[PDB]
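The structure under discussion appears below in the form of structure tokens.
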Amino acid sequence: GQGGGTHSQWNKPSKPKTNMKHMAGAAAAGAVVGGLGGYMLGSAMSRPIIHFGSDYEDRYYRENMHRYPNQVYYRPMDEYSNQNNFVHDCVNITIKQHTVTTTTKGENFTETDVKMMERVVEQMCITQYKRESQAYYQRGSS
Numbered sequence: 068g069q070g071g072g073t074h075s076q077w078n079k080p081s082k083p084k085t086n087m088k089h090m091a092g093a094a095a096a097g098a099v100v101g102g103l104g105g106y107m108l109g110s111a112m113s114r115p116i117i118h119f120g121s122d123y124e125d126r127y128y129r130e131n132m133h134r135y136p137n138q139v140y141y142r143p144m145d146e147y148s149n150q151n152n153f154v155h156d157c158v159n160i161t162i163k164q165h166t167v168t169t170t171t172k173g174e175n176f177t178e179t180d181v182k183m184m185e186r187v188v189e190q191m192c193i194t195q196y197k198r199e200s201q202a203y204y205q206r207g208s209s
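Numbering (mature numbering (1 follows the signal peptide of the UniProt record, and there is no 0)) for the sequence shown: 68 to 209.
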């Protein structure tokens, strides 16, 4: 090339800072009880498909199903008096462990979503329930 430029300089280099810390250590990811006190999980199953009105409702249901519970706790049907809602108690413990966990982290559920979230888990709790309910029935319930 040819030509020239500013010979004066006011800039000076600096020294870099290097160090290495290839280490590992303990960590935690919550795993604290959600106020249940004394409840334990049952089995994992593939969450069902429930349709409400049409393919429109059914597709929106399936669009988001990745975020919904797919597990249930045990079956407190032995409490008896709460016969019909016993299922709901089973589902409420697994659902509150999941819905709040994902909502507070970065989600939200509309009326349809909050209605369907109970329906998906109820069906699975039914799967556990009738498996056992046939036993009290075969016992003669006496």
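The C-beta atom is built at its ideal place from N, Cα and C for all residues, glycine as well.
Name the two residues that bound the continuous alpha helix (DSSP H) containing residue i.
i    : result
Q205 : 178 to 205
Given residue i, which residues of its chain have a CB within under 6 Å of its CB, disregarding the five upstream and five downstream residues?
i    : result
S208 : none
Take residue i and list the residues in its own chain whose beta-carbon comes closer than 7 Å to its own, dropping the five residues that flank it on each side.
i          : result
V139       : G109, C157, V158, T161, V188, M191, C192, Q195
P143       : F153, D156, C157
residue 60 : The first residue shown for the chain is 68 and the last is 209, placing residue 60 beyond what the model contains.
Just curious, the beta strand (DSSP E) that residue i is in, first and last residue?
i    : result
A111 : 108 to 111
Rounded C-beta distance between residue i and residue j? I'm assuming under 8 Å.
i    : j    : result
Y141 : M107 : 6 Å
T179 : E124 : 7 Å
Short of 8 Å in beta carbon distance, which residues of its chain neighbour residue i, apart from the five on each side in sequence? Order them along the chain.
i    : result
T169 : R134
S200 : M144
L103 : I160, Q164
Q) For the stretch 133 to 150 against the stretch 158 to 170, are there 3 or more C-beta pairs whose distance is under 8 Å? A) The answer is yes - the stretch 158 to 170 touches the stretch 133 to 150, with three or more Cβ pairs under 8 Å.
**Q.** Length-filtered (4 minimum) alpha helix (DSSP H) runs lying within the stretch 113 to 168
**A.** You should have 122 to 131.
Q) Contact between the stretch 107 to 119 and the stretch 180 to 190: three or more CB pairs below 8 Å? A) Contact between the stretch 107 to 119 and the stretch 180 to 190 is present, because at least three Cβ pairs lie under 8 Å.
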